[PDB]
Each structure stands twice: as structure tokens, then as C-alpha cells.
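Chemist: Fold the following and give me the result.
(chains A, B, C, D and E, ligands or ions: 3)
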Amino acid sequence: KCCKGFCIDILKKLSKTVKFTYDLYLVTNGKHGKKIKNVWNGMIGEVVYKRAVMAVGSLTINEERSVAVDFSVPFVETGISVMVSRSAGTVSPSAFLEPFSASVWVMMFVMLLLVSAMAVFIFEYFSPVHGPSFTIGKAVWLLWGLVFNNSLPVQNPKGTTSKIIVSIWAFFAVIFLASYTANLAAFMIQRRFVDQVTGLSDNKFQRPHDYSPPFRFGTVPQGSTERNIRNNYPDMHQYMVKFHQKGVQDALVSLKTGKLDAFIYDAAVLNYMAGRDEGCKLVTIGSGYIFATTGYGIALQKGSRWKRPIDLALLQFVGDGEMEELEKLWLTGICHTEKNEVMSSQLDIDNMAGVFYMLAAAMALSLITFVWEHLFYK
Amino acid sequence: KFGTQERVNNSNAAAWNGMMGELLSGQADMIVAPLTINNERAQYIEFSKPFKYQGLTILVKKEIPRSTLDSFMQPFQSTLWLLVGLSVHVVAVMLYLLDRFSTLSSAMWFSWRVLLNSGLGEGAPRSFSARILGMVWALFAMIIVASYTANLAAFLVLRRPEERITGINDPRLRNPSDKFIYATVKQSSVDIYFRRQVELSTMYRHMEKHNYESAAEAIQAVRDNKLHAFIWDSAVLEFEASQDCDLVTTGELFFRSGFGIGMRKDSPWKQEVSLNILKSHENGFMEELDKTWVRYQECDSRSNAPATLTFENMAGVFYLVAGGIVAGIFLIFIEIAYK
Amino acid sequence: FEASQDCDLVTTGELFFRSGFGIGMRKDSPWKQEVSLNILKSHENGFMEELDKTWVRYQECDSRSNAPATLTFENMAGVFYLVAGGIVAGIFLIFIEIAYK
Amino acid sequence: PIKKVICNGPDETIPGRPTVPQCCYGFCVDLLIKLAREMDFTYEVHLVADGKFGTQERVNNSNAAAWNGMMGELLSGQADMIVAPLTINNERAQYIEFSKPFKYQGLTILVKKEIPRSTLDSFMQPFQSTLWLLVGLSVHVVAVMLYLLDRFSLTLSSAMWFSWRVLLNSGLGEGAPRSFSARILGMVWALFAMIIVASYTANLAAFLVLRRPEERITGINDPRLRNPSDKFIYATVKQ
Amino acid sequence: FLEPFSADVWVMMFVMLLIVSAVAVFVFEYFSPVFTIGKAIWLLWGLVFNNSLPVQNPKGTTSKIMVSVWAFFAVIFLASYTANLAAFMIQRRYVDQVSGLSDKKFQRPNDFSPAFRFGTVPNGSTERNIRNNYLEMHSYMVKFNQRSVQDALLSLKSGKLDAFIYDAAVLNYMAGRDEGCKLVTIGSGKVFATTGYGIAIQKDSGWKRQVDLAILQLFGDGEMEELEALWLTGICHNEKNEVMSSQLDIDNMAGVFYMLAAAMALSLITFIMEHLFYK
Ligand SMILES: *[C@@H]1O[C@H](CO)[C@@H](O[C@@H]2O[C@H](CO)[C@@H](O)[C@H](O)[C@H]2NC(C)=O)[C@H](O)[C@H]1NC(C)=O
Ligand SMILES: C[C@]12N[C@H](Cc3ccccc31)c1ccccc12
Ligand SMILES: N[C@@H](CCC(=O)O)C(=O)O
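Modeler: Numbering: from 1, shown residues only, chains lettered A, B, ... in the order given. Ligands and ions are numbered 1, 2, ... in the order given. The structure is reproduced below:
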């Protein structure tokens, strides 16, 4: 059976670097070491039994492995992590253009004040000395309609000055709408669609039972983390045990099918999974900080130290450009995550609801004005 | 194939054969064809100064979708777009409430106008306060339209690209699979690159298992979609890329080479030929010919056009008009009915 | 960290020469075995995250405030100034026009 | 409470004053406190002589060791442990013992903040103002043209309002065309006015483009690494 | 908006009016015992393009409503039209002016009334080649010849010269390694007189074939790509460059403005024609 990968390539580097011939085989009992009762299992067993001198792989580092054996390299950055296919949505329609609000909203109120002066010029023209006096109120309602995308039957103002003043306002309204849509145009960018989950501290993970919706997080059996989970939340570990999967593709498919809500694993591998997704529907948590910090470690007989000697060769290797070549060779991942952007055919119904809440508030306000008339003062 | 030096059956040692071996053999004294120029061949025979400098690219690409039903859909799917329209109608009830303690058809029509800027005539309710909602509902209606337009532009964002073009440095190409049914022409010079490049051994075989006797079949496989990707030198490929545009070339030409006539060694003319083709470059002849044939072919770039797709909803509208006026005879019956 | 505290400074995107931090001791130190086990425990426990999060999290830089209005809207102020100025001339001029006809 | 420790300090910014008592705290100090409590040991902290992390210097007079800055101090035996953001590397590992990494980091580049962009009124000058001046003038001529025939067989103001109705999109509707020929004229000109405003909606569209490509500098791909530009100075920390 | 403007939209708009016109006359006449004119045409016009139309509204129930629906859909199309033009605004090939040199504009500066300018370094293979094939270009360009590539660059960069001509590798590296990305390779930088660097030997007696072998060994090894990235690397990678919010020196809309003027003239003489109908 042939073997591939950057570790394999490192081993090639090591054939030359430490000048040592090697025999390579595959483990049978337990994969990455598993400790049950009196005797440990996995490659670590073959390291303890003297069958294996050094154990190599994606193996994570832990204190217990440390009492028993050692690794002086820490070549890669890996941590527990979750891949969630989620999205980011607009909030408050760019706060109804809140930026305009600091200066723009007040000026709109100020704009109404300009209108009163215009009406004052206009009233004299209208009556040197039926009931057009309703026009000023109508004009404000009327002026306001012309402000937003027309669509006001309103009333026809006659006073000569109003037409010019209206034109000055109309011009403004038009360019307002231009800026409005530019604000809207800018938002298209703001329709950032990045995955929306938190880190390890998130309540969806910490207190899963409370949420009405059914979701579950899980990890692979006999992993180093199981213990971390049991040393973080025992209950969470039990939940993970209930929904256990075994192969990467099990999790993958489950995630693609939605059988699995999200998935935690060594981030390094998960990053690689993003490095190899078909369709790009999976991402890391937030930035991708795993929240568990560790690097791959290689086993050595506790008595054995070629690692101290081995260490020297390894660093320069860190310094050398090839690690990055190996990265580019094997770790290159498709669909680099440029702040992701996307367009929705479902638009936004909750943002729409936000809009509708403002709308509803206005409805309440009109009910209040009804009440004022309902209880109009004598 | 032009041919490559290969194991001769049991003997295992043999001449490149094909076009070249015939040349060594003397069947053809001189070889005129599109032949890339390489050292492995070069020791055996003299080559003229390269005529062209073509580089290998991967000639493939498939259709890129543009939803016909996507733009309006932003409303359709949201479903608060229709419902709120009805609530615009409901605002009429609130207005009646405003009327109390200070026509339905006109109201509904008025509500329809704000979505559509109807400007019918009567205007706002007598109560000034009631009329405030008109400003609000039209406000939001306006906002919605504009917002839609912005989301219409969100569709325009497009910018969803396969982005699998960089094969030499591309992650997908390097780690081949059944999703990477990849080939070349059986016995093609790139095979030497895969051969010599032990780094590409994986790919060498991955490639080999899918190879073709010729370009017509190799281009066809991608066109037939039998094979997802095709690898060949650009000069043959780009012209085809222009020819269909259903297929595309991607990445950066690798392993550049000059084109030079292949002839048996010691040809007392190759030098003159080299001078002659040199002149062809000098006088612009070579250049004139390359434009003359390649120039004829051209395809569109990444420029967006509407293409009369989304217009059908309006076709639907016109169909609805017909339904409308049919209903209209019953609407006028109503006036007649109140006869 | 500096770029997160001083918004007038920014980092180039590429990260190169990946490397990492450690406690340093002489090779024959009797605390070497103990010092790492402790580091590992702190990483797994979350102690390391508390320290990084506690100190690092204090400061962040964002693109908050979008683009609409703000600085772009300042010239709009000029536009607003332009509406008010025009109406006054028309008053007397319009009155004169009315007097004329 | 922010835990602090008294750390002997070296030379201050002011002349001399090499000997001082100072206050130390932060990520590494909290780590030291944890390690000390965990392994049960007492300590005294001081800031490294000559202010450096540590690099060997080959030939200043006789051949020299990796005694530079903070690292050498350790070699002397003055410092029994280094607790700082000390990078683990091959060069140093050959002489001292590093614990498993307490932090994974990579080199990057720090540069000044990027320049900003102009306001909308300023933006208007590139396209909106010239067109507004030229076109506004054009509307009056068009209004005059219809009347010509009408005149032959405040009207001007009304015509302007009708033509302006399109621009502001106010659609005041103060006046209507006098004749069927004018309507054909209106049919002509009205359509043109609609096109003109739709082109203004193209101008509306043009506002969004102000997106800026800006720039970023590659570690190896960029020209600056390729040459330390004389005009473009870059550097790092000594030793 | 050109495809939509081309066929289906206008005919459909006529039909809606026409359906309404039939219904309006019959229905309106139905509504009032005691008409579709130009006003109806304006209505197709009012509903269809962002309002701004003050002439009229039909007095009937079925058609008016149907059109409000039309208008709403039409608005969507209008919005899309804006987006379509926005698509144009999204990116633009700010490379339009190209001197192919097979065009003959370069062949003569004098054909173009303002004086054009291009030059190259003398004592070059380029200059000798030029003199061999194209005399006039040489005899004209002698005035525009420059001392050195840095100085030739000074003539291009600070103004006082439009175009510069030189070796393609140097010009490509220069494009990459440049203070300003405004300078860009001609077209695709696809060069006429396609050539490469040449290595001298004495005569027929020399290293010959063994030496060439080494060269194509380099291509196989792949060292040249690395050396290209290191020494030949270029700034501002040549993606399709774009421009935004550019001075709006319309040219096609200018044409549209002319269409307007012409259409007017037609209607004016149409009125004259009509008038004559009488006599
Ligand atoms: C190319 O360079 C050569 C050598 O520099 C030039 O030859 C000189 O031309 C100058 C003209 O002022 C004479 O004064 C010298 O006697 C020539 N010989 C030298 C200086 O070595 C030549 O002119 C250049 N090509 C041109 C512009 O014709
Ligand atoms: C005129 C206008 N009325 C609506 C929305 C809007 C928003 C901002 C500016 C202008 C417009 C519209 C749709 C399509 C083109 C132009 C517009
Ligand atoms: N990464 C370790 C353990 C998994 C875990 O951390 O849960 C392994 O490969 O087995």
C-alpha cells in the first residue's frame, strides 16, 4: 500500500537529515491511543511494547502522553473546532440609514421648518388679502410625499413661489434618493453572509436542553478531546456519545444532509476539510480559533531522546520555505474565505419584520391620535 | 501521434517513430507540422528557430447559470411582500376608525396606488392624523421597492465562480480523484513532463488512464462532458476556446516552447530555414499569418446582459390583463345589477 | 494587537515564517518536565484562553458606521445651505414682478 | 485585580539611572504566577540587560557566543528561567530547553493606515454638475421649439415646469401641451425627458462604484521585498 | 436595457393601452353616455418610466387597475434597468485607446492634428529593425529618442511624451515593478517581432547541441519559473482593471440627445405637412 502526504514528505526529509533508515507499518488495535483500565491502546501501545520506537501521524499532544513519552517539534497548529454552515443577515435595514440620522434626520425636521417659511411666502401670494389654507398642511404631507419617491396624489399648490421652492426641494429629494440607494447599494455589501455561531462558551453548546429547536454537537470516539469535554462538561460528552459517528465522511454527509447540526474536531483537519469541500458549505468558528491549543507531536521511547537531536533538524525545517511548500503541496485549500458575500432570493423576512415593527409602531401612533379625537377636548 | 521514444515490445528500446521516426527512417526528409520543441527529441534531430511560443493551459469550461425567476423571487419567497400589500388595504379600516368621531373600492385602489404611485385624485382622509399613516405606508412601500432594487442588484452581484482554473498550483488538480477525470493525448509531450517529474507520478498515471489518440476526441470529451478537464498546449487549445466558448482555458501557461521544423540531422537547409522564418518574423509575415487565422475567432468576455428572460412575468401580467377585462364585464354588470 | 489598539496602523495580510513561544531554561533544569506539563494543562484547561482573551480582547478595530451619510453627508450640509438662500431673493423680486403685472 | 510584581529595571530613558525597581504585569506575568504556584517555587524578576531577546554574534574581536541580550544572561546563570514572548527556534534550542509552546504566531508587516474618500457634493462635480448645466439649458430650448409652431398657429414658465416635471420628478403638472402636434412633440420630448432621467438613474447607479481597490503588500511577491526601495524604508528590531 | 428595448416591451405596452383603449371607450362610454387620444400614449409613457407625467388618468375601473399592476412590474424592470447600467458601472476596460501600429496612426503622426509622440533607445536591435522595415517611423522618432531607460521612463512618466517603445520583457517587468499602475502593457502585451534572449557562440565550431540540451533541461527541472517569480515578478497583477464614477462624457447618450432633436424636427415638419394637408 502506498503512502502520501506532507508527513510522508517530512519523513523523506528525515531520511536525509537524521540519516536513518525506517520501517513503516499501520496500527491495528485502536488508532490514536485509547486508555481503558490497566492498559493503553493504539500506536502508543506499540511504543510502550517496544514494537514501535516512534509513532507518527495526526496525533494530538496531551500531558498523559507527556509523562509516558515525548515530542519536541510542535510543527502544526491544531485545536478542537466546529464547522457550521450558517449565514449573516442585515439588521434594521442599515438602521434606516442611521448615519443620515445624526445629521440627516434632524435636517428632515429642519426641512419641515424650511417648508413653513416657504408657505409663509406662499400664503401672501395665494391671498393678496376653496380653502386652500389646507395646502400648507397638505403641502407638508404633500411635500413629504414628493420627498419619498413621489406617490402622493396630494393637492395642487398654486402659489408661484412654491413651484420654485418645491423644485429646490424636489432636487434635494431626488439626490436624497440617490444617496438612499447608494446607502442601499452599500448595504448589498453589508449583506455579509458569514457563519453565525459562537465559540466554546456559546449557550447553544453549554446549555443545549433549553432551546426548543433540536440541535446536537458531536465528536469522534476515543479522541483526546472526549477527555477535555469530560473535563469541561461531562453531560456534553455524554450527549456527543449518544450521537456518535466514526468516519470523516459520516460527519461530512451528516452535515451536508443536516443529520448533524455542526461538527467539532481538530481544526487543522477541519480546515483541511474546508480545504477540500465540494460546494463550500462548511466553515470554521468565527475566525477559526479552535480554543484548544496544540500541535502535532511525535512519540519517542521515554528513555529514547533522538528527539533532542531530532529537534535541531526540525526547526530550520520550520524556517525553511518547504513547510510552506508542503503546505502548498498538500494543505492548499480551495475557496479561500474572502469575507464571503452572497445574494438572497428569499430576501430578508426578519429584517422585513423589523421594518414592519416600525410600521406597527406607526399604527399604534395613529390609534393614539384616534384616541385624541375620541376624547377630544370639549 | 507525432510519436515518442518508447520501449519496443520485448526489445524495450526504440525510436520515437510516428512523424519523427519516419523522419529518422527517412520516410519524410523534413517535418512540417505544429511540433513543440524539446531536448529529449532535440539530441536526435536538428530543429529550426521556434516559430511560435505556445504554453500549456487546460481547455475546459461549462455553462454558468443566471436565474430567470430570481429577481422578483426575492419578494415571492419572502412572503411578507404579498401579505403586507393586503395590510396596506387593511390600513383603510384604520382610516375609517380615524373618520369616526372626527369608498372601500377607492381605498383599496388608493392602497394599490401607493405601491404603484397611482395619484388617483381624492387624497388623504379628512383627519390629518389618519393621513400620517399614508405617509408611513408609502414610506415603507418606497423603501421596500428601493430595498428590492438593492437586492435585485444583490442578484447582479453574481461573482460566484468555479475558480478551479489554476491546475499547476490548484489544490483540486494535484490530488486527483474520480471527480477529476483528467487526460491528455496518448503520447503527448506533456507526458514527458509527467514522466520526468516524479513529483507528478501520481498525476502521470491519473492522466494516462484517460488519454486519447487525438485532439478531436479529447476536446469532445469535455464538450460531451465525459471528462471534466482536458490538458494540452495553448496554441491548439485557445483557438478552440474561441471556437466554442462553452469551454474555457484556465490558469497560466506552463512549460513554454518554441515551434521549429523537425528534420533529419545535418540538413544543410535548416539553418537557411531558420533564417527564413526569422525573416518571416522580421517582416511581420509570421505575424501576419497568425492574426490572419486566429483573429477570425472571437468570443465574449465577462460582460452581463439581461437577455429577455425575466420579462415573462410581465407576459403573465398581460395575460392577467385579459383576465381582468373579462372580469370587467361582471364589474359593469354590478352597475347594471343595481339597475 | 497594536493594530487593534491604534486604528492608524494596519497589518499586511500575508503571514510568513510561522513560529511559536515557549518558557526557556538551561538543559539540565529540574523544572523542565514540570514546566511543560503545566503549559499543556493550561491550554487544555482553558487557562491560556482566559489570559489571551482577558488581555487581547480589550481592543478591536472595526469598519462600523458604513458609508451612507457621515462624511459624505457633510457637503449635503452645503446642499441644505443652498436651499434656504434661494427663496429670499424671490420675495422682493416676485413682489416687483407682481407690481409690474 | 491586576496582579503585578516588582521587577528590577535597567537604564531609563533619561541619562544613567541603570539601577531601578519597577512594576511588571501582563500575559507572561500571569503565566509566571501560575507556574510558580503550580510547581511551588519562589522567584525574583528582572528585566534583561541590554534590552534584547538574544542572538549570537560571530566576530566582534574574538569569536562570540549567543550571549546577546536576554538569552546570554541566562547562559551566565544569572537568570534561571526566561519568561517572555521568546520564540522557539532551532538556533536557540541547540543551547537551551524550551517548554511546549504557549503561543503559536507568525511574522507579519505593520504599516500606516490607508487614505480616505471624498463627499457626495465633491462626487457630483465629476459627472452631475456639467450635465445638469448643459441639459437644464437644453430643456428650455425644447420648450421653446414646441411653442414656435404653437405661437405661429407665463406660457414659457408653464413649459419649463412641464419639462422640469421630469427632472426633479416632482411632476407638478401645472400645465399641459396646447396642441396635438406638441403632444407628438410631447410624445417626442416627453420620451426623451424620461430617457434623460433614466440616465440620471444611471448616474444614481454610478454613486455605488466609489469602492476602492486600495492595496496590500506580499511577503515575497511584492516589489518592496524585491528591493528595499530607497524611498520606501522598512525594518525590524535589532538583535 | 437594450435587449428589452429592442422588441417585446414596446409592443406589449401598446397592447395594454389598446386593450384599455377598447375597454375604456366601451367601458367609459359604458360609464358615461356622453376616449383614447395621445393622453393614452402618455399613460403608456407615465406608467412605464418612473412617472413624471402630468397629462391624464383614464376614468374606468378595469384597465386602470390592470395598468397599475403593469406599472408595478414595469418598475421592477426599471429598477433592473438601473441595475443593468450598474453592471456597466461595476467594471470597465479603461484601456480603450490602443495603438496597434499596424493601424498606421503611428505610421503617421501628421494624420492626427495634434502631434503624437513615441520614441525608443537608439543603437538598439529595435531601432535597426525599424530602419530596415519602416523608414518614416525611424526618421520621425529620432527626435523622440531617449538617453536611457530610466530617462526614457522620465519622458513617459512626467509627461511630455505619450507612448514608449522598448523590449517586451523589460517593459513587462517595468509594468509590474512600477510606482504607478497607470502604465500598462499594450493590449495583452502580445508582441510583434516575437523573439527571445540570444546567446552567442563563434561559428559552426562550438558547443553546439550539448549546450542547447542544458537549456531545455532547465525547463524540465522547472527552475525558470522560480527564477521568474523572484527576478521577473511584477507589481499590480494584471487583472481586468476597472474604473468607477468616471467623468460622464457620454457619447451614446449624446447620440440619444441627437435622436431627440431629429425626432423633434420630424414632428415639426409633420405639423407643416399636416397644415398643408389643408391646402
Ligand atoms: C550610439 O552610441 C554611439 C557611441 O556612443 C554614438 O556614436 C557617437 O555619436 C556621437 C554624436 O554626437 C559622436 O560625437 C561620436 O563620435 C560617436 N562615437 C562615440 C561617441 O563613440 C551614436 O551616435 C549613437 N547612436 C546614434 C544616436 O546615432
Ligand atoms: C426615481 C427612483 N424611484 C424608484 C426608487 C429610487 C430610489 C432612489 C433614487 C431614485 C429612485 C426607482 C426605481 C428605478 C429607477 C429610478 C427610481
Ligand atoms: N487529535 C487526536 C485526538 C482527537 C481529539 O482531540 O478529540 C487524534 O487524532 O486522535
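Chemist: Residue of the stretch 1-150 of chain E closest to chain D, please.
Modeler: Proximity of the stretch 1-150 of chain E to chain D (CB to the nearest CB) peaks at residue E:54, 2.8 Å away. Using the backbone N, CA and C atoms, a C-beta is placed for each residue, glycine as well.
Chemist: Residues of the stretch 51-200 of chain B that sit close to ligand 2?
Modeler: Within the stretch 51-200 of chain B, the residues that sit near ligand 2 (CB under 6 Å from any ligand atom) are B:145-146, B:149.
Chemist: mind redoing it with 5 Å?
Modeler: Applying CB under 5 Å from any ligand atom, we find that the stretch 51-200 of chain B lies next to ligand 2 at residue B:146.
Chemist: ok, which stretches of the stretch 51-200 of chain B are helices?
Modeler: With helices called from DSSP state H, counting those that start in this stretch, the stretch 51-200 of chain B shows them at B:70-78, B:80-99, B:104-116, B:128-156, B:171-174, B:190-196.
Chemist: roughly how far is the third one from the heart of the chain?
Modeler: Okay, so that is helix B:104-116. 45 Å (CA atoms, centre = their mean, to the nearest Å).
Chemist: One more: the shortest one?
Modeler: A distance of 20 Å separates the C-alpha centroid of helix B:171-174 from that of its chain, computed with CA atoms, centre = their mean.
Chemist: which residues touch the most far-flung residue of chain D relative to its centre?
Modeler: No residue in chain D sits farther from the centre than residue D:153, which is 66.7 Å out by CA atoms, centre = their mean. Going by CB atoms under 8 Å, 6 or more residues apart in numbering or on different chains, residue D:153 touches residue E:275.
Chemist: ok, now how distant is it from ligand 3?
Modeler: 94 Å (CB to the nearest ligand atom, to the nearest Å).
Chemist: which residue sits closest to residue B:308, ignoring its sequence neighbours?
Modeler: Spatial nearest neighbour of residue B:308, chain neighbours left out: residue E:3 (5.4 Å); criterion: CB to CB, 6 or more residues apart in numbering or on different chains.
Chemist: does the one you found count as helix, strand or coil?
Modeler: Following DSSP: H, G, I helix; E, B strand; the rest coil, we place residue E:3 in the helix state.
Chemist: so how many other residues sit close to it?
Modeler: Neighbours of residue E:3 under the rule other CB atoms under 10 Å in any protein chain shown: 15.
Chemist: So it is in contact with residue B:307, correct?
Modeler: Yes - Residue E:3 lies in contact with residue B:307 (CB atoms under 8 Å); the separation is 5.8 Å.
Chemist: what's near enough to touch the residue nearest to residue B:308?
Modeler: B:305-308.
Chemist: Select from those residues the one having the most neighbours.
Modeler: residue B:306 (20 neighbours).
Chemist: Okay, and it sits in which element?
Modeler: Applying DSSP states H and E as the criterion places residue B:306 outside every helix and strand.
Chemist: ok, it to residue E:45 distance?
Modeler: Going from residue B:306 to residue E:45 by CB to CB, to the nearest Å gives 21 Å.
Chemist: got it, and residue E:62?
Modeler: Taking CB to CB as the measure, residue E:62 falls 20 Å from residue E:45.
Chemist: next one: residue B:227
Modeler: Distance of residue B:227 to residue E:45, given as CB to CB: 55 Å.
Chemist: more neighbours, the two?
Modeler: Higher neighbour count among residue B:227 and residue E:45: residue E:45, with 23 against 20, using other CB under 10 Å.
Chemist: Now for that one: which residues touch it?
Modeler: Contact analysis of residue E:45 by CB under 8 Å, 6+ apart lists D:187, D:190-191, D:194, E:53.
Chemist: That one: helix or strand, and which one exactly?
Modeler: Following DSSP H and E, one finds residue E:45 within helix E:38-48.
Chemist: now the angle between helix B:104-116 and that helix, please.
Modeler: Helix E:38-48 runs at 60 degrees relative to helix B:104-116, counting by axes from the mean of the first three to the mean of the last three CA atoms, to 10 degrees.
Chemist: anything in helix E:38-48 near ligand 2?
Modeler: No - Helix E:38-48 lies out of reach of ligand 2 by CB under 5 Å from any ligand atom, never closer than 11.7 Å.
Chemist: residue in chain B nearest to ligand 2?
Modeler: Residue of chain B nearest ligand 2, by CB to the nearest ligand atom: residue B:146 (4.5 Å).
Chemist: what's that residue in contact with, if anything?
Modeler: Counting by CB under 8 Å, 6+ apart, residue B:146 makes contact with A:149, A:177, A:180-181, A:184.
Chemist: For it, give its distance to residue A:149.
Modeler: 7 Å.
Chemist: Residue E:27 now?
Modeler: Following CB to CB, the distance that separates residue E:27 from residue A:149 is 30 Å.
Chemist: all strands for chain B, in order.
Modeler: In chain B, strands defined by DSSP state E lie at B:30-31, B:46-47, B:53-59, B:182-183, B:229-233, B:249-258, B:262-263, listed in chain order.
Chemist: Pull out the buried residues from stretch A:128-136.
Modeler: Within stretch A:128-136, the residues that count as buried by 16 or more other CB atoms under 10 Å in any protein chain shown are A:132, A:135-136.
Chemist: Out of the residues you listed, list just those in helices.
Modeler: Counted as lying in helices by DSSP state H, out of those, are A:135-136.
Chemist: follow-up on the earlier one: what sits in contact with each of residue B:146 and residue A:149?
Modeler: By CB under 8 Å, 6+ apart, the residues touching both residue B:146 and residue A:149 are residue A:177.
Chemist: Tabulate the contacts of residue B:146 (CSV), appending secondary structure, distance to chain E and neighbour count.
Modeler: Below are the contacts of residue B:146 laid out as CSV (DSSP: H, G, I helix; E, B strand; the rest coil; distance: CB to the nearest CB, whole Å; neighbours: other CB atoms under 10 Å in any protein chain shown):
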residue, secondary structure, distance to chain E, neighbour count
A:149, coil, 9, 24
A:177, helix, 11, 19
A:180, helix, 13, 24
A:181, helix, 8, 25
A:184, helix, 11, 25
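Chemist: Return the member of these nearest to ligand 3.
Modeler: Distances from ligand 3 to the contacts of residue B:146, taken by CB to the nearest ligand atom, are shortest for residue A:184, at 46.3 Å.
Chemist: circling back to that earlier point, now intersect the contacts of residue E:45 with the helices, please.
Modeler: D:187, D:190-191, D:194.
Chemist: Tell me which residue of chain A lies closest to ligand 3.
Modeler: For chain A and ligand 3, the shortest gap (CB to the nearest ligand atom) falls at residue A:223, measuring 2.5 Å.
Chemist: Provide a list of residues in contact with residue A:267.
Modeler: Contacts for residue A:267 were tallied using CB under 8 Å, 6+ apart; they are A:78-81, A:284, A:288, A:290.
Chemist: ok, residue B:210 touching residue B:182?
Modeler: Yes - the criterion here is CB under 8 Å, and residue B:210 meets it with residue B:182 at 6.1 Å.
Chemist: which of those two has more neighbours?
Modeler: Set side by side, residue B:210 and residue B:182 show more neighbours around residue B:182, with 22 against 19, by other CB under 10 Å.
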